[PDB]
2 protein chains.
Amino acid sequence: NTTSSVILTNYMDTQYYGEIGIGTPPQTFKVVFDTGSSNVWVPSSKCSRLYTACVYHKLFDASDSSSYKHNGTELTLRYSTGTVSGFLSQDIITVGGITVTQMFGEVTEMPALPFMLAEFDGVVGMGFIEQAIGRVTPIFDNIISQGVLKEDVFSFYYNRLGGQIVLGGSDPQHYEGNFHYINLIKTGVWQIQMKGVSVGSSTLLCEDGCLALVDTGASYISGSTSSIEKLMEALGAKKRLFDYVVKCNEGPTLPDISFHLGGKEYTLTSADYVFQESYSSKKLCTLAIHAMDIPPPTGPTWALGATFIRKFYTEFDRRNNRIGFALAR
Amino acid sequence: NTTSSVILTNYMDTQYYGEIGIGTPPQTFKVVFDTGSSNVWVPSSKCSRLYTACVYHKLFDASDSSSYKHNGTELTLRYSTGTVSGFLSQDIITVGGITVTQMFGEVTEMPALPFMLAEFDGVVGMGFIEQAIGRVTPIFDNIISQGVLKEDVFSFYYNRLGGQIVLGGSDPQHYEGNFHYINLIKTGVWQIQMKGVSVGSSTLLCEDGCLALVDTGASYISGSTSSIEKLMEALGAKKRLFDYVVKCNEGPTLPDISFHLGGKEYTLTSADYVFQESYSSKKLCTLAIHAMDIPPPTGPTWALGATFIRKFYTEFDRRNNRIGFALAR
Ligand SMILES: CCCCNC(=O)[C@@H](C[C@H](O)[C@H](CC1CCCCC1)NC(=O)[C@H](Cc1cnc[nH]1)NC(=O)[C@H](Cc1ccccc1)CS(=O)(=O)C(C)(C)C)C(C)C
Ligand SMILES: CCCCNC(=O)[C@@H](C[C@H](O)[C@H](CC1CCCCC1)NC(=O)[C@H](Cc1cnc[nH]1)NC(=O)[C@H](Cc1ccccc1)CS(=O)(=O)C(C)(C)C)C(C)C
Ligand SMILES: *[C@@H]1O[C@H](CO)[C@@H](O)[C@H](O)[C@H]1NC(C)=O
Ligand SMILES: *[C@@H]1O[C@H](CO)[C@@H](O)[C@H](O)[C@H]1NC(C)=O
């Protein structure tokens, strides 16, 4: 049946984006594919320059598409970081060589913080309809509906060809060994149960289990405030407003951290979670983990983002309601 | 004797910048005048595009100035938000019509977060030599040395002509009534003692006194984490990663807050500290106060930034080692 690959661009290990086409003739946008949300949005032409982010990103022109079909229902999307607003609209979107008719948001309010840090123009949510603001049907469900993929699976490869997403399968040239599957805990959200976070060889957190959201659109690993505090305490890291830091010379003295998912320990070492700019002292190096209080019902949960995904080739399987991981290569 | 005015630009109540000229012929830069630090820096030509902030800001070309005199000593400047590095250099800088020969840093490392949010290109520190990285003499001391101002005072006017700094005096067309002075607590830093932070009519914080740094280069009012927690609890605000928020419809139900400085209560009302984008519910409005742990020896202290200054015309008096405040207009 069908399998499409979507080539991603790695921007500093913190932004992995690819391209989609909207409208007829197609208008191209760079978007992050986020498993933590389910709406599609891009910036709109109706966005005021009285919003800088809109001056520095690609804007979608409805009047230039033949397939545009107006909706206009208002839309507000509150993310962990960043809130965007605009109105709903409909047109054809093609990603990976597959064209679907999709309801997407045209954004007219895009805050500078965090959008001016953005190298992408928008977001394509790869979550479930239960997370979809406006009960709008997610792009992948529509894709599935079209009945064309070999399987109802999608895979993420984040590199250290900055990346690659495979719709309807996996690419083995990017993972070593077999996959290890963990079942969805609840349906409607990509979350699984975690059985412990260990430092070195000791279980410090989440000992009586906890939840992990597997989120491709989160650049770092997240944990609740209370947990990250305890963790950083253990690693010997300092809190900055924007990140946890460590003297760069100490980067390689930092213990390994491991996530107990399902039947395995998934370990990240100092090399996987420190942005080792220098081995120089008196120069603070960033850790790729930070705190994030995700409100219920979905939170509190950890969030295994790009720091994790970079090491573990991730498979999102919609037929079986489960997630598989294999070592990336 | 002499008085110069420096016209500032208000960018969203969060960035107040003006212009200086460097080199011969002069190279123009927009800089924030920060009373919280003492070095001068601008971006350098030797900055890599492999740093986006440098692609979007004005860069200083040493080779194009006749007056440039090479130094090259390395320099790292760690701010509350943002760390910049580069090397030291010397050339003439003119601000406000006064030319001095100054040692400034040429920045070659400028992180995206927070610099891509920057509408200015650099910083001009208006602090004391005790805060000067590299023991480099501050621009104002050099100005003073030139022996030309009417007085050793500088005044800040932040508007809601987005602003105006007066070197060597004050501009009365921007303040109502007389000034109220508070003595420096310690010399070498613009910090005074505070006698209480009240909510409504009750003293909630800093009851046995505390320290306040008067910082023009801080967009919001700052307090230590423990204090802001208690304060926000009292105002009924929610914590976002980047700011404290409140439902916009509640903006005007928020109590007044008052700072007991010296012999007066300085009160900010909901109107002064909420970024009232809408009176619409289900739409989070930003408070202009946040938490900031300033390490000792200077910290812990509060930081009365632009939110404060906008309401209270501030005078920094170097002859007498004190700070005066008057109502802005
Ligand atoms: C509208 C319903 C959305 C529901 N879901 C969410 O908000 C999920 C978060 C979500 O996956 C979003 C998806 C991204 C897509 C890119 C644009 C912003 C949002 N991620 C974030 O909010 C995460 C935070 C997080 C980590 N762990 C949990 N949450 N944000 C980030 O990683 C930020 C992503 C980003 C990167 C560059 C430019 C703009 C934005 C990076 S960042 O945290 O601001 C920083 C720069 C590392 C400090 C939560 C619930 C799990
Ligand atoms: C090298 C020695 C410096 C020593 N001094 C300081 O760092 C002082 C902070 C200092 O006044 C600096 C001066 C500014 C000048 C503009 C560029 C960055 C720094 N201010 C900050 O770090 C303050 C934080 C603070 C508040 N209260 C205490 N500290 N930062 C800000 O206000 C940020 C200023 C900014 C604005 C736009 C673009 C870039 C940067 C705003 S922000 O906090 O990031 C935010 C966007 C409101 C979240 C501390 C010690 C009082
Ligand atoms: C927009 O589509 C939504 C689907 O939820 C529908 O309720 C609404 O009526 C549509 N608006 C228009 C103008 O068709
Ligand atoms: C730079 O000026 C500093 C002043 O602290 C001095 O110690 C250093 O020697 C100067 N560098 C050169 C090359 O003159």
# chains A, B, ... in the order shown; residues from 1 in each chain; ligands from 1
$ residues_around --residues "region 75-81 of chain A" --least-positions-apart "6" --cutoff "7 Å" --atoms "only C-alpha atoms" --output "list in words"
residues 87, 88 and 114 of chain A; 241 of chain B
$ write_last_selection --atoms "C-alpha atoms" --output "JSON list (two decimals), in the first residue's frame"
[["chain", "number", "residue", "atom", "x", "y", "z"],
["A", 87, "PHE", "CA", -9.64, 31.64, 12.71],
["A", 88, "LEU", "CA", -10.38, 28.36, 11.13],
["A", 114, "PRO", "CA", 8.47, 32.27, 21.77],
["B", 241, "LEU", "CA", 6.71, 29.29, 31.85]]
$ residues_around --residues "region 27-33 of chain A" --least-positions-apart "4" --cutoff "8 Å" --atoms "only C-alpha atoms" --output "list in words"
residues 15, 16, 17, 18, 19, 20, 21, 22, 23, 42, 58, 60, 120, 121, 122, 123, 124, 125, 126, 216 and 217 of chain A
$ select_by_dssp --residues "region 71-155 of chain B" --states "alpha helix (DSSP H)" --output "VMD selection string"
chain B and resid 112 to 115 139 to 145
$ write_last_selection --atoms "N, CA, C and O atoms" --output "PDB file, in the first residue's frame"
ATOM      1  N   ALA B 112      20.273  32.988  20.697  1.00  0.00           N
ATOM      2  CA  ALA B 112      18.986  33.358  20.160  1.00  0.00           C
ATOM      3  C   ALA B 112      18.028  33.723  21.258  1.00  0.00           C
ATOM      4  O   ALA B 112      17.290  34.684  21.110  1.00  0.00           O
ATOM      5  N   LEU B 113      18.019  32.910  22.314  1.00  0.00           N
ATOM      6  CA  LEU B 113      17.157  33.197  23.427  1.00  0.00           C
ATOM      7  C   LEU B 113      18.099  33.836  24.426  1.00  0.00           C
ATOM      8  O   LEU B 113      19.087  33.218  24.840  1.00  0.00           O
ATOM      9  N   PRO B 114      17.894  35.093  24.792  1.00  0.00           N
ATOM     10  CA  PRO B 114      16.819  36.020  24.480  1.00  0.00           C
ATOM     11  C   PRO B 114      17.111  37.009  23.394  1.00  0.00           C
ATOM     12  O   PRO B 114      16.225  37.813  23.064  1.00  0.00           O
ATOM     13  N   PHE B 115      18.321  37.053  22.836  1.00  0.00           N
ATOM     14  CA  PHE B 115      18.602  38.078  21.787  1.00  0.00           C
ATOM     15  C   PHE B 115      17.749  38.174  20.529  1.00  0.00           C
ATOM     16  O   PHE B 115      17.753  39.228  19.902  1.00  0.00           O
ATOM     17  N   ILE B 139      31.070  54.068  31.061  1.00  0.00           N
ATOM     18  CA  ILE B 139      30.873  55.210  30.179  1.00  0.00           C
ATOM     19  C   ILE B 139      30.542  56.477  30.937  1.00  0.00           C
ATOM     20  O   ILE B 139      30.991  57.564  30.599  1.00  0.00           O
ATOM     21  N   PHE B 140      29.744  56.358  31.971  1.00  0.00           N
ATOM     22  CA  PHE B 140      29.384  57.573  32.650  1.00  0.00           C
ATOM     23  C   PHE B 140      30.489  58.149  33.479  1.00  0.00           C
ATOM     24  O   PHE B 140      30.572  59.330  33.703  1.00  0.00           O
ATOM     25  N   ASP B 141      31.306  57.302  34.013  1.00  0.00           N
ATOM     26  CA  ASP B 141      32.393  57.815  34.790  1.00  0.00           C
ATOM     27  C   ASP B 141      33.269  58.573  33.837  1.00  0.00           C
ATOM     28  O   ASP B 141      33.731  59.651  34.121  1.00  0.00           O
ATOM     29  N   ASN B 142      33.476  58.001  32.676  1.00  0.00           N
ATOM     30  CA  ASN B 142      34.278  58.717  31.724  1.00  0.00           C
ATOM     31  C   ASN B 142      33.605  60.030  31.361  1.00  0.00           C
ATOM     32  O   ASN B 142      34.268  61.047  31.151  1.00  0.00           O
ATOM     33  N   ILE B 143      32.293  60.023  31.294  1.00  0.00           N
ATOM     34  CA  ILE B 143      31.623  61.260  30.921  1.00  0.00           C
ATOM     35  C   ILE B 143      31.851  62.354  31.956  1.00  0.00           C
ATOM     36  O   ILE B 143      32.098  63.536  31.683  1.00  0.00           O
ATOM     37  N   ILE B 144      31.724  61.923  33.169  1.00  0.00           N
ATOM     38  CA  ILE B 144      31.900  62.781  34.269  1.00  0.00           C
ATOM     39  C   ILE B 144      33.302  63.362  34.180  1.00  0.00           C
ATOM     40  O   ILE B 144      33.489  64.569  34.231  1.00  0.00           O
ATOM     41  N   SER B 145      34.285  62.496  34.000  1.00  0.00           N
ATOM     42  CA  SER B 145      35.696  62.900  33.900  1.00  0.00           C
ATOM     43  C   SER B 145      35.952  64.038  32.918  1.00  0.00           C
ATOM     44  O   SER B 145      36.811  64.886  33.086  1.00  0.00           O
TER      45      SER B 145
END
$ atom_distance --atom1 "CA of residue 249 (chain A)" --atom2 "atom 36 (C, counted along the ligand's line) of ligand 1"
26.4 Å
$ interface_residues --of "chain A" --to "chain B" --cutoff "12 Å" --atoms "only C-alpha atoms" --output "PyMOL selection string"
chain A and resi 11-12+14+50-53+56+75-85+109+111-119+224-225+238-243+277+282-286+290-295
$ select_by_dssp --residues "region 78-133 of chain A" --states "strand (DSSP E)" --output "PyMOL selection string"
chain A and resi 78+83-95+98-109+122-125
$ residues_around --residues "residue 61 (chain B)" --least-positions-apart "3" --cutoff "12 Å" --atoms "only C-alpha atoms" --output "tab-separated table (two decimals) with N, CA and C atoms, in the first residue's frame"
chain	number	residue	atom	x	y	z
B	22	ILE	N	29.50	54.96	17.32
B	22	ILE	CA	30.81	54.42	17.62
B	22	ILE	C	31.78	54.47	16.47
B	23	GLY	N	32.98	54.85	16.78
B	23	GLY	CA	33.96	54.86	15.73
B	23	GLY	C	33.90	56.14	14.99
B	24	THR	N	34.79	56.22	14.02
B	24	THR	CA	34.95	57.37	13.16
B	24	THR	C	35.15	56.86	11.75
B	25	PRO	N	34.19	57.15	10.84
B	25	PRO	CA	32.91	57.87	11.03
B	25	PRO	C	32.02	57.07	11.97
B	26	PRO	N	31.10	57.70	12.66
B	26	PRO	CA	30.27	56.96	13.61
B	26	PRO	C	29.42	55.83	13.02
B	27	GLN	N	29.31	54.69	13.74
B	27	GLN	CA	28.49	53.51	13.44
B	27	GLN	C	27.41	53.54	14.54
B	28	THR	N	26.15	53.58	14.11
B	28	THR	CA	25.01	53.69	14.99
B	28	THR	C	24.36	52.46	15.44
B	29	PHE	N	24.15	52.44	16.76
B	29	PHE	CA	23.58	51.30	17.41
B	29	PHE	C	22.49	51.72	18.31
B	42	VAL	N	28.25	45.77	21.83
B	42	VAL	CA	27.51	45.87	20.58
B	42	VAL	C	27.89	44.62	19.79
B	43	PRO	N	27.15	44.31	18.79
B	43	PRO	CA	27.58	43.14	18.12
B	43	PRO	C	28.74	43.43	17.17
B	44	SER	N	29.58	42.43	17.04
B	44	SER	CA	30.71	42.50	16.18
B	44	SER	C	30.57	41.87	14.81
B	45	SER	N	31.40	42.34	13.93
B	45	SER	CA	31.50	41.81	12.56
B	45	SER	C	32.04	40.39	12.55
B	46	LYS	N	32.86	40.08	13.54
B	46	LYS	CA	33.48	38.79	13.73
B	46	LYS	C	32.50	37.76	14.32
B	47	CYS	N	31.20	38.12	14.38
B	47	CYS	CA	30.13	37.25	14.89
B	47	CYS	C	29.67	36.32	13.77
B	58	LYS	N	22.57	45.07	13.92
B	58	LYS	CA	23.65	45.87	13.35
B	58	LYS	C	25.03	45.39	13.92
B	64	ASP	N	36.42	49.70	9.89
B	64	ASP	CA	35.96	50.89	9.21
B	64	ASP	C	36.10	52.10	10.06
B	65	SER	N	36.82	51.99	11.14
B	65	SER	CA	36.99	53.16	12.00
B	65	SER	C	38.47	53.47	12.19
B	66	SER	N	38.76	54.75	12.08
B	66	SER	CA	40.09	55.32	12.22
B	66	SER	C	40.55	55.42	13.63
B	67	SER	N	39.58	55.58	14.52
B	67	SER	CA	39.85	55.70	15.91
B	67	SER	C	39.95	54.36	16.67
B	68	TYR	N	39.54	53.24	16.04
B	68	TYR	CA	39.62	51.94	16.69
B	68	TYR	C	41.03	51.68	17.14
B	89	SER	N	37.44	46.04	23.22
B	89	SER	CA	37.97	46.95	22.25
B	89	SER	C	37.77	48.40	22.56
B	91	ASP	N	37.36	52.56	21.21
B	91	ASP	CA	37.11	53.55	20.12
B	91	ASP	C	36.29	54.69	20.70
B	106	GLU	N	33.18	43.95	21.86
B	106	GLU	CA	32.68	43.61	20.54
B	106	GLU	C	32.13	42.14	20.74
B	107	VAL	N	30.79	41.86	20.75
B	107	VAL	CA	30.18	40.50	21.01
B	107	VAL	C	30.27	39.53	19.84
$ atom_distance --atom1 "CA of residue 309 (chain A)" --atom2 "CA of residue 321 (chain A)"
18.8 Å
$ residues_near_ligand --ligand "ligand 3" --cutoff "10 Å" --atoms "only C-alpha atoms and all ligand atoms" --output "ChimeraX atom specification"
/A:69-74,87-90,103,134-137
$ atom_distance --atom1 "CA of residue 323 (chain B)" --atom2 "CA of residue 184 (chain B)"
7.2 Å
$ residues_around --residues "region 260-272 of chain B" --least-positions-apart "3" --cutoff "6 Å" --atoms "only C-alpha atoms" --output "ChimeraX atom specification"
/B:182,194-196,252,254,256-257
